[PDB]
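Visitor: Take a look and give me a structure for this.
(3 chains, ligands or ions: 2)
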Amino acid sequence: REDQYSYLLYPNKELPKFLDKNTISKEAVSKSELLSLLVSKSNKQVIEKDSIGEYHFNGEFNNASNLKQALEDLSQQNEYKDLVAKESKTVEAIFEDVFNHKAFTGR
Amino acid sequence: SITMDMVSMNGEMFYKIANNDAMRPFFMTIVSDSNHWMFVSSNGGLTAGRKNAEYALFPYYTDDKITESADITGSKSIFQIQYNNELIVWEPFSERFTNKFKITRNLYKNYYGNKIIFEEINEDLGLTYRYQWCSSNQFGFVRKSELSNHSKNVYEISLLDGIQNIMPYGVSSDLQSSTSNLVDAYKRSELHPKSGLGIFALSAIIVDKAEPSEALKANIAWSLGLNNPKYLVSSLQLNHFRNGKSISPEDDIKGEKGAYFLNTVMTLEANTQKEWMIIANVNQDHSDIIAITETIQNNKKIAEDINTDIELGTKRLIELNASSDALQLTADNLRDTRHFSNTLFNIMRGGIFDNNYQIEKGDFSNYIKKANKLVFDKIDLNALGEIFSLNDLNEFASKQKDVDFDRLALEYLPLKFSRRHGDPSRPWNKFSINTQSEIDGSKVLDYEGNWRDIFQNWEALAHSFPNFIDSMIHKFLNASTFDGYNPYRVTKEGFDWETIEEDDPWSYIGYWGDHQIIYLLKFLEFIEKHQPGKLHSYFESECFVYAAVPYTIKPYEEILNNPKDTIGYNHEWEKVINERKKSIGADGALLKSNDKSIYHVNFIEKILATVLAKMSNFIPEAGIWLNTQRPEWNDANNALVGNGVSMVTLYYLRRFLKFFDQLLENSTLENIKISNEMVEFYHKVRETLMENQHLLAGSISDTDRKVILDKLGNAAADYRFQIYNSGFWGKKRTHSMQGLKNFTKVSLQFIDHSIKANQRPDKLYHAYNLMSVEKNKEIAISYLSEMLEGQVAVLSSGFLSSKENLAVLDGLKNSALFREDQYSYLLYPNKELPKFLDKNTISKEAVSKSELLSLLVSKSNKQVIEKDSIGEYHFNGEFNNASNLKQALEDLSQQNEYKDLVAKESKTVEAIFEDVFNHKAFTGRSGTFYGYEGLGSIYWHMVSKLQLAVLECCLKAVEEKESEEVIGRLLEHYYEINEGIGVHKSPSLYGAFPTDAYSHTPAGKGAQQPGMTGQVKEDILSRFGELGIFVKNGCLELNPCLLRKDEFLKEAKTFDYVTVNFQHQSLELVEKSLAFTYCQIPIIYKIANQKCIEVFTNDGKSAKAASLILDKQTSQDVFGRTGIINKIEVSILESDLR
Amino acid sequence: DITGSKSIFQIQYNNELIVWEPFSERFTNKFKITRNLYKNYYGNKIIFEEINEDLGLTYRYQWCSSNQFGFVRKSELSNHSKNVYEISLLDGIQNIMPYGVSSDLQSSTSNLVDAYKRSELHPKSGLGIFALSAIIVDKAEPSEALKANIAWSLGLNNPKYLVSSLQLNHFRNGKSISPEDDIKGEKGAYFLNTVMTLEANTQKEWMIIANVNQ
Ligand SMILES: OC[C@H]1O[C@@H](O[C@@H]2[C@@H](O)[C@H](O[C@@H]3[C@@H](O)[C@H](O[C@@H]4[C@@H](O)[C@H](O[C@@H]5[C@@H](O)[C@H](O[C@@H]6[C@@H](O)[C@H](O)O[C@H](CO)[C@H]6O)O[C@H](CO)[C@H]5O)O[C@H](CO)[C@H]4O)O[C@H](CO)[C@H]3O)O[C@H](CO)[C@H]2O)[C@H](O)[C@@H](O)[C@@H]1O
Ligand SMILES: [Cl-]
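Guide: Residues are numbered from 1 along each chain as shown, chains lettered A, B, ... in the order given. Ligands and ions are numbered 1, 2, ... in the order given. Shown next is the structure:
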């Protein structure tokens, strides 16, 4: 670190700005029967479409456990039951692609 | 200097306090129709947010810290003004440039209480800066700014204006309170340059777990009205600007408190005004933010939409409040405004009905589902539409022939808008405004409240919605226990009771002694006035139940032995209730019998349950014994629990039993029907009183006192033991109505006798007494200070004559309860507490005549006693009470030198300790602090209870045609007590806006604790009394005898009201008239030469009569809110006005 | 601004009354000032200094520790001008805690605590006693507060005392104060007020001592 001519513990890095942390690609949504169904039915427990057509995970999620919890909540409805069991690993996988929590080492 | 005026600000009416900075800053709540909260000082310091403290826009701290934070938190404005060749810095509302300029500070709050304006006039520059806080359901908080140049000069101004110490989303109030510095390290404040929108978030939700914790919401701020501003998202550069320097734009700041500042340069021409606004919202996800950024860029009418949504807020507020008769127009706008705010605080705390008597099937059906799974499956609701009335539900219920459904239908109360009453000045109360659904933002029909708070609020509410009175009565009775008490909270679901903590020895439960009689009674009086004969129809109807609260009130001999250790938590009974709740629903918390999963009793049995409980604790000449591990109304005298005795409750029990006695006399029923188990209890109590009647010829001895209490208390103990252990069997027995009347008459004889033994020489009555058990054979009585609560109670009792009532009030006025500076009443005498150096001195004689203390002195031991350097003796400074002393004596006994002496002289040293501290006289913290209920403090709720009591005494004197001297002198008290409440006081004396209620005014400050005090319920009822709104024999009477001539308009005015059908409409009032609403029907009083009433109906007809009493049927058209009556005009004689 | 050291000087200059409040932000850029901070080599003493360049006055206070006596605040008001000033000073410490408040209660419920405060002056000594009317306790039983924090002073001739900050603002606005000996319901403070004539090239000294758990 130049200004103090000493050493950080690990690299400084740019963390994603607020509007850049939680965006699901258009392609990943339209190649998921579950997410597409939740979109067209206006269900916001897992996924939300903003007014410019970009897709986001529910703002209450801190990590995958909140996502799993939410998928359990959906499975106790008949409309979504078949699909939860079918596509849950997939939706968790998209969640991991967006947030990259496999790389988390701590605060 | 400090004046209050009605003023017009941008075409709306506000109260203006001029020079509000000459007042010590006072605390306010700004009300919303939606879920906004805002608690703000008159100096501009604030916390605000939506729903609760977990979604704070500005940090949630206590009111002192809020007031102290004005410089670093909230609104902040700095102007660099070019004047001659000089750069002049002006920072309105701050203390940064003390006496640099001649300034005037003004404060404004609107008639509805949902807008506040802060204004500073810089007299030297002829500039005025204003900002105003508004609420918007859609957009959040809106701060409207105006910079006005009323000089003849033209100024080049560089301004920096905004809000600071903005919370990021996702910080718990506990963490912000205790660890604000750590939170800073997770802050990231960003600007969206295309929009100018500020985003205030965390880099991660702060969590003790070692796992990812994404923060996917934010607080936001944005603005309109300024040309091409520079933005700050922090306060870092604030001081540079303050020192006349220019700032650099910021778009990404880490590790610092959020702020949102706009910087622009402008030329402010003479006699012109520049305007802008800042909008801030909480709890915003990515989609919420993008919608705002899009609206900023694309919606040319966004400012207009904000202003529209603000005005919709006011409109919805008016609809809520108007439905509970908030709207009045008299010559006195202060009283009008106070009635509006009184009503709002009442409905904010107790709730307001959704829509007249209308019910939605979806909500009703879910309610039944949660309540009783078996009723839900059995009862088919096809026959009701999606929306139906209370009368529809009643007609439906009568066809189902299921007493559980009858009960649940009748208890259903479609209340909304209620919330617990916490705030920074009541920080021990956790609040949450849960009025918009987490799902879709739609209305929520739900309520929860503490027993006495909510049933008090509902007494006032019921006046605007009378046909719900039955619902409220069933709710109250059915949530009462078999042993005659109740849980601490009621909810829509049912009720909650307090539980014990850990294995914590100082954690105990119980029952509050005042919760039953007076609050039930106000409802019974109400229904008997509006629907005579209706209570009679419940006498034999076994539709009532018993709340199963798992509290075990101990055997009588154990209570008598230690009346502070009287109620155990029954954990096994809790297991059974929890099982039943898994299996039935909320109805699992009701007592079963041996036959029936739910046990049903009639109204007579329920009245007996509560009355026998009280009579079983009756100590003749002393009152109702307090032995249930909770106090009554005054929590600050909680140490009276044990040996204290309530005359307060006895005065109300007199009123109650007098009412019940009249009720029975009017019955034609010959019999009653009660649980078999209750027969012995009932008979033993009745018999005890009957065979001791003869003692009432004189005073009752201490010996006889105990003979009576023993019989009464043993009888209750036997009953509860049986029910606790083998339950209700389910069989009932038939007894005589005549026996019940006899029980009531003799109970009244004892109560009356007791009241007559409780007058003081100064004509005040005792409130709370002390009892002690002497020689295992006697109960002795001693007395406490004059207490306002006792006077309120005896004046409400119905027992005294008008002359006697007056003598009480003359005494009260002449007593040490009267506080001169506020011309109102303390709860008990102010007194000098010993100064620090005078509290803990042991007499030289007591020391030298104690071998133990003398030995500890000469050996220089300081565990118990210490000698100062001037030879005076003191107890160890660590002692709080005798227990610390005993503990210390145990510590000394484990030494050989002191062992013999501890055993010998310990009772003696404990006795000297009691002589120094006089802890036998301790009643609670009331006598040992200087705010709230304590010394020199006016507790306004109790004053407003006095006012209502005195109003009732005035009506009695008028109705009984007492002399004009007696009536006049009672009115004198009425009007003076009313004035004391302080609606017409100057702001400097009141200490806030006099149109806003506060819980108390201490000796050395103005009004403290704004908003939701129970005071408001009382002042609503008093206002109705004053207006002459009386209901008797099912008939509405509009016939003022206490109303003053000067309330009538002196010029023409327009009354804007809301109909029962949500229509915003107008009536033109003329001089010599005024208007209010009752059951949301507009009522106009006009002065005329002859008495007359005119009822205008929706069919375009009107009907007149000389009589100011309406028939039953017309009255039920009023009470029923069917919209058949459009308005009512009452012609009043000048000579009947005061 | 509200807790700890606080000093306000009313200075007679010509026929005008000038208010100077060193270390505050109450009179921004009213005067050319220099603020200096000193800490000794051992790290057990700190000095706060403000030079008012316009008046040629310097005010210093220093925090020291004493095992016997508690905290010691040594004050020096130094006139390095060629002028002679009639000064009315108000100097002391504010938001003094009373003995017996837990740090958790003061942190979360500071407003409730105010209601139990009683601040007293011992007239013969000038010593301030800062206590509660009762130890604040959730139990329904008596709770005597038999200890106090204290403050006292040496070096000033016949001072008037405040035991609160109630009158602080009147003094700030150039008005004179009334002595206090018994204030209830308010944050404790200990202020000394005296009038003096500060000759050119002279220095006046005093100290305030405060201790806990007395
Ligand atoms: O500050 C310390 C000081 O405070 C004082 O309180 C002041 C407070 O009283 C004042 O409030 C005003 C309020 O009093 C006033 O009420 C009047 C009301 O008194 C009046 O009552 C009359 C009766 O007087 C009359 O009785 C007659 C009876 O006395 C005589 O013996 O026999 C007659 C028959 O033979 C009998 O008639 O009867 C008539 C009806 O027949 C009553 O009406 O009624 C008027 C209106 O009609 C009512 O106004 O109201 C004013 C506003 O309306 C209040 O302003 O406010 C002051 C602050 O501004 C307080 O200071 C205490 O009293 C002192 O003890 C304290 O030291
Ligand atoms: Cl709570």
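
Visitor: quick one: secondary structure of residue A:62?
Guide: coil (DSSP: H, G, I helix; E, B strand; the rest coil).

Visitor: Return the residues in contact with it.
Guide: B:205, B:207, B:212-216 (C-beta atoms under 8 Å, 6 or more residues apart in numbering or on different chains). C-beta coordinates here come from the backbone N, C-alpha and C atoms, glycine included.

Visitor: Give me the phi and psi angles of residue A:74.
Guide: Main-chain torsions, residue A:74, degrees, to the nearest 10: phi -80, psi -30.

Visitor: and it, how many residues sit next to it?
Guide: 19 (other C-beta atoms under 10 Å in any protein chain shown).

Visitor: middle-most residue in chain A, spatially?
Guide: residue A:95 (3.8 Å; C-alpha atoms, centre = their mean).

Visitor: hmm, back to that, now the two most distant members of the contacts of residue A:62.
Guide: The span of those, defined through C-beta to C-beta, is set by B:207 and B:216 at 13.9 Å.

Visitor: before we move on, what SS does residue A:15 have?
Guide: Criterion first, three-state DSSP; result for residue A:15: coil.

Visitor: How about it: what's its closest non-neighbour residue?
Guide: Counting by C-beta to C-beta, 6 or more residues apart in numbering or on different chains, residue A:15 lies nearest to residue B:203, which is 6.1 Å off, once chain neighbours are set aside.

Visitor: where do the helices sit along chain A?
Guide: Shown for chain A, the helices assigned by DSSP state H span residues A:26-30, A:33-40, A:64-75, A:78-99.

Visitor: Any chance of CSV for these, columns distance to ligand 1?
Guide: Listed next are those as CSV, based on distance: least, C-beta to the nearest ligand atom, whole Å:
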stretch, distance to ligand 1
helix A:26-30, 71
helix A:33-40, 66
helix A:64-75, 61
helix A:78-99, 67
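
Visitor: Number of residues surrounding the one residue in chain A that gets nearest to chain C?
Guide: The minimum distance from chain A to chain C, using C-beta to the nearest C-beta, falls at residue A:4 (21.7 Å). Residue A:4 has 7 neighbours, counted by other C-beta under 10 Å.

Visitor: Over to it: give its phi and psi.
Guide: Dihedral angles (degrees, to the nearest 10) for residue A:4: phi -110, psi 0.

Visitor: So what does residue A:43 have for phi and psi?
Guide: According to degrees, to the nearest 10, residue A:43 has phi -80, psi 130.

Visitor: tally of neighbours for it?
Guide: Count around residue A:43 with other C-beta under 10 Å applied: 16.

Visitor: same check, this time on residue A:100
Guide: By other C-beta under 10 Å, neighbour count at residue A:100 equals 9.

Visitor: What of the one 4 residues further on?
Guide: Using other C-beta under 10 Å, residue A:104 has 15 other residues around it.

Visitor: so residue A:37 touches residue A:84, yeah?
Guide: No: look at residue A:37 against residue A:84 with C-beta atoms under 8 Å: they stay out of range, at 10.9 Å.

Visitor: Same drill for the two, tell me which one is more crowded.
Guide: Higher neighbour count among residue A:37 and residue A:84: residue A:84, with 18 against 15, using other C-beta under 10 Å.

Visitor: Next, the contact list for the more buried one, please.
Guide: A:34, A:71-72, A:74-75.

Visitor: Now the buried members of those.
Guide: A:34, A:71, A:74 (16 or more other C-beta atoms under 10 Å in any protein chain shown).

Visitor: Give the buried residues for stretch A:21-33.
Guide: A:21-22, A:24, A:28-29, A:32.

Visitor: what's the first-to-last distance across that stretch?
Guide: Distance across stretch A:21-33, first residue to last, is 24 Å (C-alpha to C-alpha, to the nearest Å).

Visitor: same check, this time on stretch A:94-103
Guide: Using C-alpha to C-alpha, first and last residues of stretch A:94-103 are 15 Å apart.

Visitor: Any buried residues in that stretch, and which?
Guide: Quick answer for stretch A:94-103 (16+ other C-beta under 10 Å): A:94-95, A:98-99.

Visitor: Please apply the same query to stretch A:79-88.
Guide: Those would be A:80, A:83-84, A:87-88, for stretch A:79-88 by 16+ other C-beta under 10 Å.

Visitor: what do you get for stretch A:42-58?
Guide: A:43-50, A:54-58.

Visitor: Output it as CSV, nothing but the C-alphas.
Guide: Taking Å, rounded to 0.1, in the frame of the first residue of the first chain, the C-alpha atoms of stretch A:42-58 are listed here in CSV:
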residue,chain,number,x,y,z
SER,A,42,-45.7,-12.8,-10.5
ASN,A,43,-44.4,-14.9,-7.6
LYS,A,44,-41.5,-13.1,-5.9
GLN,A,45,-40.5,-15.6,-3.2
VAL,A,46,-37.4,-16.6,-5.2
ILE,A,47,-37.1,-14.5,-8.4
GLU,A,48,-38.2,-11.0,-9.5
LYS,A,49,-38.3,-9.2,-12.8
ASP,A,50,-37.6,-5.4,-12.6
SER,A,51,-39.3,-2.9,-14.9
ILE,A,52,-36.4,-3.0,-17.5
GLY,A,53,-36.6,-6.8,-17.8
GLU,A,54,-33.5,-7.8,-15.7
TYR,A,55,-34.0,-10.7,-13.2
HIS,A,56,-33.0,-10.8,-9.5
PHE,A,57,-33.0,-13.1,-6.5
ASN,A,58,-35.3,-12.1,-3.6
